[PDB]
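>>> so I pulled this structure from the PDB, and the sequence comes with it:
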Amino acid sequence: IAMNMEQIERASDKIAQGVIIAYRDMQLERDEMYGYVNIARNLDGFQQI
Amino acid sequence: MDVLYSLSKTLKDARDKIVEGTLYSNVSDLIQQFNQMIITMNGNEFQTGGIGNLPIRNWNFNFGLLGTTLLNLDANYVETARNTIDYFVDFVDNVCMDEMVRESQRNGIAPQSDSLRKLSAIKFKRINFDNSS
Amino acid sequence: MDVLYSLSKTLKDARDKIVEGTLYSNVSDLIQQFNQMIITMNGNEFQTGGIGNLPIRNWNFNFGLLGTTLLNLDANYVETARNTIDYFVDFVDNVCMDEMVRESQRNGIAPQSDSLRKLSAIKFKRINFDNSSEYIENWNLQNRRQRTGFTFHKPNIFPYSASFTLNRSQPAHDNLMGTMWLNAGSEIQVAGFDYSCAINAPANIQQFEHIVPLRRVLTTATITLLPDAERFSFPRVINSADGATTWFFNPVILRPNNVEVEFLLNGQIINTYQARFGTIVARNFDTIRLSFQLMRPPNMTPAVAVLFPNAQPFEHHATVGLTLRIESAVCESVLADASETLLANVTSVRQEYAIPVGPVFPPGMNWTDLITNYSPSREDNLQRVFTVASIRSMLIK
Amino acid sequence: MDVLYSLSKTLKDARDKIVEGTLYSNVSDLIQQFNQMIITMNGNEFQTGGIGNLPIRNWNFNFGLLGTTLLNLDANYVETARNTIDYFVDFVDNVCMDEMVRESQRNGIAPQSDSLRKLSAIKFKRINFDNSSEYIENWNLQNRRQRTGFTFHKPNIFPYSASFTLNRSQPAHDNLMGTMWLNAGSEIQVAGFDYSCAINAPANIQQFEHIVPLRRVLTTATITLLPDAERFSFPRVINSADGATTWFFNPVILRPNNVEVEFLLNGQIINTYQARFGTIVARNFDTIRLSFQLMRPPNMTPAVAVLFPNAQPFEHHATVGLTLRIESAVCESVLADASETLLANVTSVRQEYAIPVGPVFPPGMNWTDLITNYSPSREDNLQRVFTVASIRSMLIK
Amino acid sequence: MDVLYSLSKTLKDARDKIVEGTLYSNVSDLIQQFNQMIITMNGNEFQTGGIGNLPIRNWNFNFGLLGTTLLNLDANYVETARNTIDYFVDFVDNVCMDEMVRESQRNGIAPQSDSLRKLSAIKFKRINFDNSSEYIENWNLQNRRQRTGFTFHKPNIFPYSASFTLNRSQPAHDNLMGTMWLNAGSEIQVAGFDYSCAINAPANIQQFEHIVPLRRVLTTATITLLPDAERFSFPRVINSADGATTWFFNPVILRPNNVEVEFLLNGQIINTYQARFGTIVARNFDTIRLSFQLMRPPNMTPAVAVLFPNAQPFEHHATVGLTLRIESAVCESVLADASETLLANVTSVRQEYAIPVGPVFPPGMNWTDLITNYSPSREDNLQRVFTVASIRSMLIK
Amino acid sequence: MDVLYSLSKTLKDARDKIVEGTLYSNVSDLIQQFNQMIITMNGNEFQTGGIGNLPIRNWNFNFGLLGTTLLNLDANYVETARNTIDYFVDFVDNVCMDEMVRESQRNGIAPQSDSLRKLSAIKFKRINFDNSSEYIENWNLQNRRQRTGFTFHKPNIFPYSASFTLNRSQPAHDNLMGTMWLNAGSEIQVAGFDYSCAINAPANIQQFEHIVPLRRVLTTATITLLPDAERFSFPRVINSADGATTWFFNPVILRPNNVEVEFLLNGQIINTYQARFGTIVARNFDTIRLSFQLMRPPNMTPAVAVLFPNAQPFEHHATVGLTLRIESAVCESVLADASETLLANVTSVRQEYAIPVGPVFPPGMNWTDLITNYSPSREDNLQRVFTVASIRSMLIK
Ligand SMILES: [Zn+2]
């Protein structure tokens, strides 16, 4: 159960695990799941609070 | 110049006072100044060096605040403090080597490096601490 | 070691800050640390001394806490504080004299006395306080293997070595050539002499050279470099190399032509100075190479031309000197100098209690024999005992 | 450095423990560490090489976790494990070859490659595993400044120095006196010779002496001390000191009278051995002083009395030798010896990829020039590169 | 083979870990493997021996499982464990002595005894455990055709070959020229001699050369290269090439001028060393080419000039030597060396039970005749029998 | 003894396995053993030292248990673990130095120090852990009287015995015959010489013989057997048997005809080798019998025929040598060799603290006098003190 916490949590569709706030116009990402959507791949470069 | 001495005085005291096992009341007035320093220095970028063989280094500050909830400081707090202190000590070392290397005939008492001209604003004035040396 | 400095720092501050009539907010953060110290030290017993004539003392701590309810500290609080402080100061004095007296060849950086081995537990870790003195800062930085620097005013980096060298000699000792030197404290006085004054040397120039290797790498040293070494400039009689006979030295002084002072680190020339006197700087070095030369003066007045004949009897001998005095330097290892008294405290404790010669330190704490063979185990022992001497010098005046 | 050893220890154990058919409880604690390693290393990119002919390789880690649901490991699990292990082994091989090839004069104990500077973060600190090998144990103990010891079998503490010394000489070279020696690897072979066989020496005894200073302090050394140095016992012709002419050496061998072998540490006699051969022990030393003497035999048969006349032509020259071979020793600093292959791995990596000569190490990794001038910065670089060589020698055979 | 190492590893660990009073969590993962071993081995019968004087023993396994219900292991559990372990240790001892004694010309890497052919089934595959020793690691890596390396301390790569070569000779044997050598173990001692000392050679220089081909490719070898080969430096009488007459050799030793040591792999110069002695490294090689030359000394003192006349009678013969000793090397094939005792175990088992000479190995297990003609079938047999010897050396001391 | 090895094995593993950031499942079985150790050792007091200059230290154990609730071990847990480990490591260091220093003539295999006699109770039996090192395995096997084997690389089985034997002699010392030998470490160098070169021996053959009895029975020994003993092949002058006069020895070297090397166990020929050099094997032996003979060469060139006249003056003496070097051997009793440093640790502890000479061991721990008279009580004391030295060499580097 402990190693599959991330796969069960990150396939939930009720919750999302954090929000990038960048204050610059980063472009809407194309996804086959959602169309255009502001989904994020990593929390890199910014501050994980 | 005042804020550079203030950065160095807090980093010296935070290497001295923030140790393992010490009581929180010994460091209760230093952690507030160090958190004020972190809050002031976040979001700012600096650039040191660029003359002679002094290498150009870019400085970006994105740090979390230190905890204010211990009674005796345990080794977790000491290790995260040592990380933040080592980054700020490397920053102030390169700012001081960037400032001692430059000079001006016109008005030498003014700061000459770009980093210390950027630190001479009132945004950074809340870094300021005691001037005892 | 950290908790011993912490005990001494709180006792120093509590002699300083806890006075009669002072406001409570001035001492509100010190009384909490001193109460934490009392709470930690109660119920524990210690035993100090037991080597030489240092007497065995047993220490038992049963003290009440200090009050936290005054606005201005009255004389009752000051007197009970002075009692508790005097007992703890006597305790830490005897712990420091028990630690400076011991040594170990195996791992000298570890505590050797029983009391400081007992204080090195995590039960006593809540005693810990700020580490602001230079020796405890360099202790804590070298306990994590980072770069340190001790700032010395006139460091005793040179062992006492007064000797000479005869590049040209004979049993008559009437036509000699070579260098003489005095390495003492922070001062090198060197003088190359020629009796012929380069009358048969090529281009009337005799090259001298004097290479001083150091034991530890000095960093950012201000050095007064003067010409004309004063000690080797008057007539003297000197025993020979085997000590059999004595030879006479009647110098007249020429100025040093073509002075080249080089500061070598691992054989690489870091700094060099060509015919520049006054105050010089040497940023990083562990070898000092002085290369001066004696040039015969091509134009001489009749008062000078009678001094240096072409023939053999030279009653006036040409001599050329330099003086090099390290005023202040930053060294990573511990040393002795003219500013601190820590070596004096260590030798006073080791000589007061009639302590036998151990495996590491020289007999009688000979600093010349200690810096002549300055091994890393002796370096660790010397740094540990100097740190404890700094702690006791904070408490005991 | 700790996480690099941890990566290599888990990859070694996962080649060893994760096999076909083994029970899951044998590997239940290794799969959790290997999954922690995969979880830590995902999302990170690395870049190895870029100096000499070492090619630049980019490393990207995107792996799935291993299953934790078998009772006996079947061949599917073994094949996917072998894939992930082979990729990580290639990664750590190139990181180790990127780290052994670099050096720095400033602080050599720090990581120099970009990949190992990236692995030195606390994000990668959860990779960490047991540190059981000798080099990573001494790395972790010297990272906290405690005493270490490397156990060497025949350590290469002596630089190659084959030379001689003529205490009595002339341009005829028919009546010579002095010592000859070979210092090589762990072996000292010394031989003092007299051509007159002490026919005019006082009490027919000529004293020889040979002092070998070491570069690092050896501890607890077993030493085979034999008489009669074998290399300097046959006739040979030898160039002179200036290399001008050659002189002949026709030895006959006397036994060494009054052998005194002293083991000096900082000038103090630690161990001494008077006329005792076989295996000896030297507990703590950094200087070896051999004091043997040649005594003319007072009673000689007619076959011996024709060898040593009172007059000048000596066709048979008296020669007295000793041999001193350090079989095993514990040294605090890193060295090379006849047991490990770490210096061979370092030189093989530096010679395979055609690497330019840097600031610290000698050209071509000359161990004689490396132990001749064995500076502490070169010591730190050598210890770091030997530790990385030990890590790669765990993974790569 | 894997299951035989697994049996021996569990029996070694169960002699080590299962002791009196130890905690159950220390042995909780070993008792499950030992119970899996008991469950697998029950109901099976084996037959060991039957060649030479090795007696035929029948093995039947009917054992109960060990208890999994203690907190600290008491002496009952230790005694029943010691019984089961002693029976399995006797079984694996006789299986290893049955496997080291057999060989095959056809496919030597396959198991030859009946017991190990029976253990090579998948019924016994659940016995399997970690494969952590060097020989079973190289067994498993060469079972998948990957690169291996055995680390040897002084490997016996050279067959015993003490011989010579006369480049210039006559039946008088008073003016000879050529090389002599001793190849033994890991040591090459070579010496080229000229009786004329190059008095008629061009430029008074005689070139010598000695090429040693190896049988297997050594990798990352530390090699002590010294001058002045000690064995060929004293006078001796030597039989001729046909063994008819004997000739006298009275050497005086010059130093080797212009030493060139080359390490050839497939005729390509991998490493070369020009006049460098001490410890050298050779990263990849299978041929060692020593090219030293004898130069007549152009300046000679009167003690030397009487040795080498221009005419015919040479009572002192010029001789120049080198010594090359491989201290440690990594070889892909199995060998023998001064560290392991595996060849000694194989020969002890083959000589204790009076075993007839088979098709592959030399009579009496002559290592000189085994490394002289080191065929790949003999290589496979030698690796298999050394792996089984390593297994038995784990169990049987 | 078992619990002392268990303490040291847990402290070694807890320095290795308990590191910062490691997963808890890697250390989940070690923390339970370390907590069992803390629970067992609390409430007990010990006293170490009290002989020589080894200081008396009192040990009191009052420690809290380690936490069992982390997933990844953070630095708090590592620091409190390092405190408890450093105290226990200092304790076991002083217990091992207290045990290696003591001895008993009555029953040496029993513990002699007070601390190890206190640890030999069943209260401390739950400390016990795996016994995986070679010395504690052979300790536990010889505590039940089973066969053991210590594997040595170049064992010091031979005492230093450099002497000779004159089978034919006279006070003129111009026609001598007999053997000379050097037994040192693992090396026998023997050389039989005849001055007449068998000119009056029957069939021109002189038989030599050299029998070396061992003190303990070696098993499975790899032995390098070379001809032409190098030490007895150059001219030397040698004192007589009574030490009165000296005699000259000018050897020329013949090859050894008809070498027969026999390995005797209880007078029975186990292995024999007839004219076979290189590496040989000797499976079980305690006596080595070398039987070589000198044969006069029947065909000699004119350079050889002038060396050996029929008359009396022999200026060139026939000499025939062998060299026998035990590279590695398995011995049931403890010894010293070139691989381990245990004898060096024992002598370092006995020489560091100025220990008086007791009833069993030789003065100064003379290994030549210890293996010359190697009694079973001295064997038991040596095995016990070597086992404790192995334990301390695990903890203290
Ligand atoms: Zn060896």
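Now that the structure is in, tell me what you want to look at. Numbers count the residues shown, from 1 in each chain, chains lettered A, B, ... in the order given.
>>> for the chain, what spans make up the strands?
Let's take chain A. In chain A, the strands defined using DSSP state E lie at A:29-31, A:35-37.
>>> not quite, I wanted chain B
Going by DSSP E, chain B shows strands at B:45-48, B:57-60.
>>> about what we covered before: any chance of TSV for the strands of chain A, columns distance to chain B and mean neighbour count?
Bear in mind the C-beta positions are built from the backbone N, C-alpha and C, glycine included. Below are these laid out as TSV (distance: least, CB to the nearest CB, whole Å; neighbours: other CB atoms under 10 Å in any protein chain shown):
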stretch	distance to chain B	mean neighbour count
strand A:29-31	24	11
strand A:35-37	27	10
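>>> go through these and name the closest to residue C:27.
For residue C:27, the closest of those is strand A:29-31, at 60.7 Å, according to CB to CB.
>>> packing partners for the helix ranked longest in chain B?
Assignment by DSSP state H gives helix B:75-100 as the longest helix of chain B. Helix B:75-100 sits against helix B:2-16, helix B:30-41, strand B:45-48, strand B:57-60, helix B:114-119, helix F:75-100, with contacts defined as 3 or more CB pairs under 8 Å, 6 or more residues apart in numbering or on different chains; DSSP states H and E.
>>> switch those over to JSON lines; also include mean neighbour count and distance to residue E:322.
Shown next, in JSON lines, are those (neighbours: other CB atoms under 10 Å in any protein chain shown; distance: least, CB to CB, whole Å):
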{"stretch": "helix B:2-16", "mean neighbour count": "19", "distance to residue E:322": "59"}
{"stretch": "helix B:30-41", "mean neighbour count": "18", "distance to residue E:322": "67"}
{"stretch": "strand B:45-48", "mean neighbour count": "17", "distance to residue E:322": "58"}
{"stretch": "strand B:57-60", "mean neighbour count": "13", "distance to residue E:322": "54"}
{"stretch": "helix B:114-119", "mean neighbour count": "18", "distance to residue E:322": "63"}
{"stretch": "helix F:75-100", "mean neighbour count": "21", "distance to residue E:322": "45"}
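>>> what about stretch B:23-40, near chain A?
No: using CB under 8 Å from any CB of the partner chain, stretch B:23-40 stays clear of chain A, with a minimum separation of 11.8 Å.
>>> so how far is residue F:76 from the residue in chain B positioned nearest to chain E?
The nearest approach of chain B to chain E comes at residue B:75, 27.4 Å away (CB to the nearest CB). Distance check for residue B:75 against residue F:76: by CB to CB, to the nearest Å, it reads 5 Å.
>>> excluding chain neighbours, what is closest to residue A:28?
In this structure, residue A:28 finds its nearest non-sequential neighbour in residue A:36, 4.5 Å apart by CB to CB, 6 or more residues apart in numbering or on different chains.
>>> okay but that neighbour is in contact with residue A:27, surely?
No: if you go by CB atoms under 8 Å, residue A:36 and residue A:27 don't touch, sitting 9.3 Å apart.
>>> ok, back up a step: quick one: which of the strands of chain B is nearest residue A:2?
Here strand B:57-60 is closest among these (CB to CB), at 34.4 Å.
>>> how far does the closest one sit from its chain's centre?
14 Å (CA atoms, centre = their mean, to the nearest Å).
>>> what residues does chain B put near chain D?
So far as CB under 8 Å from any CB goes, chain B lies against chain D at residue B:83.
>>> in chain A, which residue is most central in space?
residue A:40 (4.0 Å; CA atoms, centre = their mean).
>>> let me see the contact set for it.
By CB atoms under 8 Å, 6 or more residues apart in numbering or on different chains, the contact list for residue A:40 reads residue A:20.
>>> ok, it to residue A:21 distance?
From residue A:40 across to residue A:21, the span is 11 Å (CB to CB).
>>> with residue B:114 instead?
From residue B:114 to residue A:21 the distance is 29 Å (CB to CB).
>>> ok, now residue B:109?
For residue B:109, the distance to residue A:21 - CB to CB - is 42 Å.
>>> list the contacts of the residue of chain A found nearest chain C.
Among all residues of chain A, residue A:48 sits closest to chain C, at 27.3 Å; criterion: CB to the nearest CB. Applying CB under 8 Å, 6+ apart to residue A:48 gives the contacts residue A:18.
>>> and it, what are its phi and psi?
Dihedral pair for residue A:48: phi -80, psi 100, per degrees, to the nearest 10.
>>> the residue in chain B positioned nearest to chain F: what's it in contact with?
Chain B approaches chain F most closely through residue B:75 (4.4 Å), counting by CB to the nearest CB. Applying CB under 8 Å, 6+ apart to residue B:75 gives the contacts B:20, F:74-76, F:78-79.
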